[PDB]
């Protein structure tokens, strides 16, 4: 028996409703039926680690569906940092991804898969008529991040200068914020935040209230 109840007890998942926890648990169990977590270079992942990884994968698609993760069959997990291709992660960053700090490698990688589900362009599958307005708000968010970096420096800035430059990277980083530290996102980028709420069919800030 996978320790699903104990798996849920991590900060990034702490604000899910009881129905959301049940729904996430089931999707994660389905994930582990359909996909392999391949721990490399002697890394050993316990059932609790595996359950938590599966849940992190499923969080961004909780309301979209597990089929949104059909662009990969396996996840490769190295102990540490260095198309239909496997998602590559490392255990050091995954452990950080359990916190509600704004960093989440799993969500980052999922965002990239949602983006390219198509070229990696910072635009996931949205209506054709919304693409211009999405790109407008994304690129404004990017310029806003560059202005910050120009003013206070890379270290003091929230986001790395790569997210200010590559729209795909921006999408992926803001997705990390969306799920892990929405207070860094909602008040700063209200228009883009609204589009992400509509795309992901989740409101992580409303969640904290309830």
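Numbering follows the first chain given and starts at 1.
- The stretch of deposited sequence separating residue 117 from residue 118 contains 1 to 3 residues lacking coordinates in this entry.
- Gap check for residue 82 to residue 83: 10 or more deposited residues are absent from the model.
- When 29-37 is weighed against 158-166, 158-166 comes out higher, by mean CA B-factor as recorded in the entry.
- Among the modelled residues of its chain, residue 93 has a C-alpha B-factor that falls in the middle third according to the deposited record.
- The deposited CA B-factor of residue 53 belongs to the lowest third of values across its chain.
- Annotation for residue 142: CA B-factor lies in the highest third of the chain's modelled residues.
- In the PDB entry, a CA B factor belonging to the lowest third of its chain's modelled residues is recorded for residue 60.
- Residue 176: CA B factor in the lowest third of modelled residues in this chain (values from the PDB entry).
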